[PDB]
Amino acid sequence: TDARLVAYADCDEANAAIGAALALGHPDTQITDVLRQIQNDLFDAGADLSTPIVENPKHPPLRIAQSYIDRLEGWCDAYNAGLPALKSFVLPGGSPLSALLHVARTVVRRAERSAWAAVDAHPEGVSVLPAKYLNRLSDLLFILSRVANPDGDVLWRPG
């Protein structure tokens, strides 16, 4: 029940959600390779959160680095470039892939909350970069869900 292990576990749950999007959503090769890299990153993020930060110069760190986040930000900008402006707010769903990426997005957001909770529990011994990674990942998953809805998104109505 420790905050570190809750954050680690939520990262695993988010990773499984991405695995379901891959296995049931039939993404093309490019999107598959992006999501496969994210799964690799989420393993690293869970390892990071579960391992207290110590001044241990003896073993190679398994930690989220800023470069991981920079990569997600670049993919956000490159995939969002080819999308039109949102007319209304988006409801989660659409194509199978888009719906499954929305599920993953919401699990990632839950993992982000746990990762921040771990930082609050251990400001010195937990890195903020897993949480920042998860923050950017939820944006990327939103963008990819739109990419996977070629005929338009499901839109909220004030009605």
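Start at 1 and count along the sequence shown; that's the residue number.
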Exercise. In the PDB record, does 98-106 or 111-119 carry the higher mean Cα temperature factor?
Worked result: 111-119
Exercise. Which has the higher mean CA temperature factor in the PDB entry, 27-35 or 51-59?
Worked result: 51-59
Problem set entry | Chain thirds of CA B-factor: placement of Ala21 | lowest
For this session: Name the third of the chain's ranked CA B-factors that contains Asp151, choosing lowest, middle or highest.
Result: highest
Problem set entry | Within-chain third of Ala78 by Cα B-factor, per the entry | middle
Seminar exercise, completed: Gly125: CA temperature factor from the record, placed by chain third, in the highest
